């Protein structure tokens, strides 16, 4: 399932955090078991005044990610991304530990946002 996929992770201090507030976007490539960091950059969301989560997600799309790894996602962001790639919501935990759970099938893709004020 996961062979070749690229994951965009929203990260602060090597922990998975939320799309609008994380310090960095980290892009990992996998063969299903081995994982490699192929890119990382300051989260563009931090420069947005509004719709910060959406703008991190747009950045992930720009960067060719196939899936997202986040601690949360709002309604605007989920509606933006939901037909473009999968979102895996995880605890605010170390990146490698989250990716292990995801790759081992222990985190099903989100079908709804985790918060909604629409």
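Numbering follows the first chain given and starts at 1.
- A summary of the deposited B-factors shows that, of 65-73 and 78-86, the stretch with the larger mean C-alpha value is 78-86.
- Sorting the modelled residues of the chain by their CA temperature factor places residue 5 in the highest third.
- Per the deposited record, the Cα B-factor of residue 14 falls in the highest third when ranked against the other modelled residues of its chain.
- Per the deposited record, the Cα B-factor of residue 59 falls in the lowest third when ranked against the other modelled residues of its chain.
- The entry lists a Cα temperature factor for residue 24 that places it in the middle third of the chain's modelled residues.
- Among the modelled residues of the chain, residue 37 sits in the highest third by CA temperature factor in this PDB entry.
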